[PDB]
Every structure is written in C-alpha cells, then in structure tokens.
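Beneath this line is the structure, given in structure tokens, with notes to follow.
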Amino acid sequence: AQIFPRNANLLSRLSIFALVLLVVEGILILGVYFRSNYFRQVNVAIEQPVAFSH
Amino acid sequence: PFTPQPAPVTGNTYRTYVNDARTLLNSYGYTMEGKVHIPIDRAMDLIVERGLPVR
C-alpha cells in the first residue's frame, strides 16, 4: 500500500495470467496461420485464364 | 475459405447415352438390319478367333 494501490494484487495476478494466455494465444495464432486455408490455398477456386469447367 | 458448394448440374448428361450404349454392347439384342447384337467380350473373342489379317 506504500507504493501500489489496493487492486495491485488483482492487476498483478491478472497480468501474470494474461501473459500466460497471450503466449498460448500467440502459439495458437502461429499454428492456425501455418495450417490456414489461406496459407496453403485450400478450398480456394484459383482462377484460370480461360475458366475451364471440369 | 470453407469447402465450395459446387452447383448441382442439370440438363442431360453423358451418363444416359453411356449406359444406353453399355446396355447395347452386352446383353444380345436386335437392330434395323443386323441379325443379332453379338456382345463385346464374346464378339471380341470371335474377332480374335477368326483373326484380323496380318501384313
């Protein structure tokens, strides 16, 4: 209470928890983007110069 | 990018003519002037048996 306010305990516990969760979320971001259908161009009908129809 | 929903086609397709001719190939039958439909894999055996001319 000399330096910090009353909810410093609240903010510090939430900050350590949030740091763990953003590490987990950044790993989830990297994994999702490297497996994404945008990255590997999966289920994307890539346009050909004639538009052949199979 | 979800899996595309390919639009279900209509009109006639190749399958009607294809299975009509697949029926017409086996299973004997008649026509306008031909004496009998000799089936493929029986007419095939006959045409190798009387042979094609060689050279």
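Bear in mind these aren't lab numbers, they're just calculated from the coordinates by the rules spelled out. Using ideal geometry, Cβ is built from the backbone for each residue, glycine included, and neighbour counts are taken over all protein chains shown.
Pairs of alpha-carbon atoms within less than 8 angstrom and 6+ residues apart define the contacts here; what relative contact order does chain B have, in percent?
Answer for chain B is 19 percent.
Quick check on chain A: helices-only [θ] at 222 nm, where DSSP H runs of length 4 and up contribute -39,500 (n - 2.57) each and the sum goes over total residues. Nearest 500, please.
Calculated mean residue ellipticity at 222 nm is -18000 deg cm²/dmol.
Enumerate by residue number the trypsin sites (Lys or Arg not before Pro) in chain A meeting two conditions: DSSP loop (anything except H, G, I, E, B), and at most 16 other Cβ atoms within 10 Å of the site's Cβ.
Working: sites: A:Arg6, A:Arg13, A:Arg35, A:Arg40; in loops: A:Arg6, A:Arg35, A:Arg40.
Passing sites in chain A are A:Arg6, A:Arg35, A:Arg40.
Among the chymotrypsin sites (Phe, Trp or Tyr not before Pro) within chain A, which fall in a DSSP loop and have no more than 13 other Cβ atoms within 10 Å of their own Cβ? Don't skip to the answer; put the middle values down first.
Values: sites: A:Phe17, A:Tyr33, A:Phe34, A:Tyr38, A:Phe39, A:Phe52; in loops: A:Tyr38, A:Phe39, A:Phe52.
When the chymotrypsin sites (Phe, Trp or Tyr not before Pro) of chain A are filtered for loop state and at most 13 Cβ neighbours within 10 Å, A:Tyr38, A:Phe39, A:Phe52 remain.
If you fit an axis through the alpha-carbon atoms of helix B:14-25 and take the longest principal axis of the Cα set of chain B, what angle between them do you get, 0 to 90°, nearest 10?
Taking Cα atoms only, the helix is inclined about 20 degrees.
Size of chain B along its principal axes in angstrom, Cα-based, largest extent first?
Computed over chain B, the largest-to-smallest principal extents equal 60, 32, 19 Å.
Can you give the angle from 0 to 90° between the axis of helix A:8-34 and the longest principal axis of chain A, with both taken from C-alpha atoms, to the nearest 10?
In chain A, helix A:8-34 runs at an angle near 10 degrees to the longest axis.
Round to a whole angstrom and tell me the spacing of the C-alpha centers of chain B and chain A.
57
Which number do you get for Rg(Cα) / (2.2 N^0.38 Å) in the stretch A:8-52?
Output field value: 2.11.
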